[PDB]
Amino acid sequence: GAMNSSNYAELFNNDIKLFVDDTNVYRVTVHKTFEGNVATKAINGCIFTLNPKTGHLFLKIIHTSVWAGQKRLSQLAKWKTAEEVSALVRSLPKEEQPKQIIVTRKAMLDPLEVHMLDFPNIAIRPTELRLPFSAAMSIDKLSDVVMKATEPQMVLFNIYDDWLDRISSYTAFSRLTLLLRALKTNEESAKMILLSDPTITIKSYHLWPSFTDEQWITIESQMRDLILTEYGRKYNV
Amino acid sequence: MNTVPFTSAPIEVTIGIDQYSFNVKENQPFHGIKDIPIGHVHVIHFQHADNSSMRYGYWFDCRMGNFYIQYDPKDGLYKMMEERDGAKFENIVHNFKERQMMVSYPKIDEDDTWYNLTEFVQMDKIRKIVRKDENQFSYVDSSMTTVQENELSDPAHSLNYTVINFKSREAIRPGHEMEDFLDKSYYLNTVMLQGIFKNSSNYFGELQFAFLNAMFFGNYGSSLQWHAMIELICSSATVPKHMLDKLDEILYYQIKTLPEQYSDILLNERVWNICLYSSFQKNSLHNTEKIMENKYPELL
Ligand SMILES: CN(C)CCNC(=O)c1ccc(F)cc1
Ligand SMILES: CN(C)CCNC(=O)c1ccc(F)cc1
């Protein structure tokens, strides 16, 4: 059924799987109207579909036009996400289709399960983990491609850059979750940490900087410090 | 008015006849039930004194034959049988009626309760679920599973109810996933009413039959089947005005008849609250909602 700390190494075995995160699919800014009422304006979003073993990210850009003339958008967003995931699966060769799809929010279980009825052997699962995928839009290159998009569009990334050349997927996923958690708790500070040293750059074909092994330790330490810092600032400890 | 004589009553048993029940003692001189209304299906049912395990009974219609009950001491239960010899049967009944060894079907004249609970339950339609073609009456008990339960194990002893499953290709049209799932009007009206059942009367009889098997035998899969059909109407935005009105009456008399003390098990909190308070028909079941609220306000 659900996914928690007790079955954590399952993410990195050789059964193909994908996390789906729908947090950034329907995104709005709230503002006052001339009559002093409130109104929302939507902005591009994205579905965050990730293979945790390979780092392969299928970033589906959700262009605001998909909401035009629609009603009950937060509920439609779940079903649009499920449609898009089910289309992706179908677009993949059989040997590439997932055996399981873990949703990061339980509200996606029925929409996805109904869209995937043609795929009875693909298990749709929830998780007990608080994964920080909502901070994906704090990755500048991902934010940039979403906000410039003028039509629906699928862009592929490897969220781990070249890291699997030197470390395992377990460690790579941990590094990713730690970076995203930090971006989610203090974006400014997290980004400050990531780019303080102008001599470490982000390769054109990467998302994160080119840190040596030792520099990643330093970075990872500073992200931990920040997550504790902000926890100390939040709760006054 | 018709009669189901008993050969004898060797073991102590609570006998039930439609919504009434009475106690027979071991080897009491009991020879059956007389004055049974013609025009309706009926159900005689049984719960033994010594092993309250296994409630079991027979659905039957007096117009389809002469039926009697005889205890089988090998299989250990009261069995319905058909008497093909008409004069023999008439002669048996008359003697027992003369000796006044038969209880009378207690029909109060103001009382339409059985009619309202069996408005669409016919004996031949009943025979399409409880498969046993060499008898005109149908046996049911507490433990019989349903076709759909056996998918999730003996087929000959199953309750072939209509398979309803909201997360199934039958229920969901390709390209209408959200539409059909949040508004089952297409599963209801095209798949089930037009297509599997033929009319709203057949849909109502199964639902009515489902409830009764749950109530009288504590058959869990019937209760699931009863809940499954209620949920499918309530969850449909488009339902003919007359089906809604009838549903409200059907349900009212079921809730009215339910033993107050068995509500905790026979009634599914999630289905009822959704049906009465969330679903499309939340304003379409005035009678049922008023009796549910005054009688079972705890469930809500
Ligand atoms: C336990 N009941 C509330 C009382 C009904 N008591 C009866 O003895 C009775 C019921 C139905 C009959 F055909 C005959 C008799
Ligand atoms: C078309 N299917 C064979 C069965 C649909 N179900 C029924 O017609 C039915 C079942 C039990 C009843 F008391 C009345 C009706």
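The figures here come from the full heavy-atom set of this structure, side chains too, leaving out hydrogens, waters and symmetry mates. Residue numbering restarts at 1 for every chain, and letters A, B, ... go by the order of the sequence lines. For ligands, and for the atoms within them, numbers begin at 1 and follow the listed sequence.
Atoms of ligand 1 lying under 4.0 Å from at least one heavy atom of B/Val103, given by number and element, are 13 (F), 14 (C). Shown in contact with B/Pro106 at under 4.0 Å from a heavy atom are these atoms of ligand 1, numbered in order with element: 11 (C), 12 (C), 13 (F).
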List the atom pairs, with distances to 0.1 Å, where a side-chain N or O of residues 97-108 of chain B and a protein N or O form a donor-acceptor pair under 3.5 Å, not counting sequence neighbours.
residue  : atom : partner  : partner atom : Å
B/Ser104 : OG   : B/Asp35  : OD2          : 2.9
B/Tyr105 : OH   : B/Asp18  : OD2          : 2.5
B/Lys107 : NZ   : B/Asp111 : O            : 2.9

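Looking at heavy atoms from C-beta onward, B/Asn213 lies in side-chain contact with B/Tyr161 at the 4.5 angstrom threshold.
Below 30°, between 30° and 60°, or above 60°: for B/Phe6 and B/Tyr78 the angle between ring planes is between 30° and 60°, a tilted geometry.
In this structure A/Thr104 satisfies the side-chain hydrogen bond (donor to acceptor under 3.5 Å, both in side chains) test together with A/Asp21, sequence neighbours excluded. Among residues two or more places apart in sequence or in another chain, the ring-ring contact (aromatic ring centres under 6.0 Å, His included) test is passed with B/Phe197 by B/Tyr203.
Between B/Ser104 and ligand 1, no N or O atom pair is found at a separation short of 3.5 Å.
You'll find the ring centres of B/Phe209 and B/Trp59 inside the 6.0 Å limit. The six-membered or imidazole ring of B/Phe96 lies away from that of B/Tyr68, with a centre-to-centre distance of 6.0 Å or more.
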Could you give the N/O to N/O pairs under 3.5 Å linking ligand 2 and the protein, each with its distance?
residue  : atom  : partner  : partner atom : Å
ligand 2 : 6 (N) : B/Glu206 : OE1          : 2.6

